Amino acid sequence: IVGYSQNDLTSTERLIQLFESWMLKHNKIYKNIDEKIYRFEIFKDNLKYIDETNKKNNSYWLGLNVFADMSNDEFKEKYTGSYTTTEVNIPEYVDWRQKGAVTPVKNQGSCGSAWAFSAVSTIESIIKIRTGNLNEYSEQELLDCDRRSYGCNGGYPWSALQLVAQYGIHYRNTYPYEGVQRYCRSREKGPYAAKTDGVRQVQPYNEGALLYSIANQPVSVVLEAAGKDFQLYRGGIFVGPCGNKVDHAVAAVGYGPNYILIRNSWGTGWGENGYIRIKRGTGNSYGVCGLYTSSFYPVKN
């Protein structure tokens, strides 16, 4: 499903009703009417692009997902959705969701905080893996408190992970997400909920290395997410196009023969209920969309 029937494309009235329908599906309410008209125009143009691109025989398809009313210029201006990131025998299949080690898909909103979401996801997972309990921890805390990062203007998964190793992290409910950087309120919220024992880097530009890490636990990884095809991604195995100018952090929560399974922080209305399967095995040392550029995971004894 791509969000529309071809009958929807046969007149301006149907297109409009389709847009109306899509707004409802995604709980979109606009500032004023001039906004709604502008949004319909963008929506119409992305639909044309979606329709023409899905005609071709590619291994993935696009769709009227949650970003269908945004121009790529707008989507890409902060780079990364709603510069999130700045500068031996393993199973055939791995999927940590199946082991109860992955929390429900989150939404970073209009804040370039994916570095924190990426880090928190891997911490949530390794604490489950080590202790048996799946908890939700605070992205907001890392957003506010990681002094090496830049809040909603982007940051570093490795710094966020280091903070949790050295100090700790509070529960989500204790320090909920606001999508805006405020002052660090860690000390106000009492004792930490969890604390890891360190951080490791996967050897970069090495697919086998990353797969091995994923087989042991979810891994924080980065990729170039700013492209229009990535923005409008609906499902299937993503082969590109994308360059190596990584700009966004995500979590690698699994893999299969042909892909790496990627947890994004753009909510469930993007991609495969929040996930994307990125092509692997192309021999290309960068990885597709530069996926092998910079990967870190938490250590928990």
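So that there is no doubt, residue numbering starts at 1 and follows the sequence shown.
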{"item": "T196 dropped in a third or more of the other entries", "value": "no"}
{"item": "Unmodelled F230 in at least one third of other entries with both flanks present", "value": "no"}
{"item": "Unresolved deposited residues lying between neighbours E188 and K189", "value": "none"}
{"item": "Extent of unmodelled deposited sequence, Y83 relative to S82", "value": "4 to 9"}
{"item": "Stretch with the higher entry mean CA B-factor, where the candidates are 156-164 and 88-96", "value": "88-96"}
{"item": "Greater mean Cα temperature factor according to the PDB record, 14-22 or 287-295", "value": "14-22"}
{"item": "Member of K245, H248, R263, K36 with the greatest C-alpha B factor (per the PDB record)", "value": "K36"}
{"item": "Residue selected from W270, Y259, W61, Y30 by maximal Cα B factor", "value": "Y30"}
{"item": "Relative C-alpha B-factor of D197, binned into the chain's lowest, middle or highest third", "value": "highest"}
{"item": "Modelled-residue ranking by C-alpha temperature factor, third containing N54", "value": "highest"}
{"item": "B-factor third for the C-alpha atom of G235 within its chain", "value": "lowest"}
{"item": "Chain-relative CA temperature factor third for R147", "value": "lowest"}
{"item": "Assigned third (lowest, middle, highest) for the C-alpha B factor of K78", "value": "highest"}
